[PDB]
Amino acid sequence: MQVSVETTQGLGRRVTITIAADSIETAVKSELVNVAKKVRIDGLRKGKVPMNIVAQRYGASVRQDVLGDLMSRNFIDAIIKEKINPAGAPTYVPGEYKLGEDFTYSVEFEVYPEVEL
């Protein structure tokens, strides 16, 4: 929902990204549908499990999965878009996550010299 680049100091940069609360819930909801298909209660048909039960058992873990996925997925799209190239492994600095609310986080890294002449 929002991508901002900042210069920290020297070759240092910081990419701040906001993921829409809506994008999160939509992803959580769809991954839960996929999880349901892998679940088998007793000897009953696989995928035959109440949604509310799937939510109770896997809801939190799926939410953790979606946020991590979106955090890196969006960061990578962002640096491609902004044509910014990190030196080494960037540092993720998560913001405070609040259920049913937009999520903001930052990624810090140094840029580097391209081959010249």
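Heads up: residue numbers just count along the shown sequence, starting at 1.
With 78 to 86 and 40 to 48 compared on mean CA B-factor from the PDB entry, the stretch scoring higher is 40 to 48. Averaged over their C-alpha atoms, the temperature factors of 98 to 106 and 15 to 23 are higher for 98 to 106. The PDB entry assigns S4 a C-alpha temperature factor belonging to the middle third of its chain's modelled residues. For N34, the recorded CA temperature factor ranks within the highest third of the chain's modelled residues.
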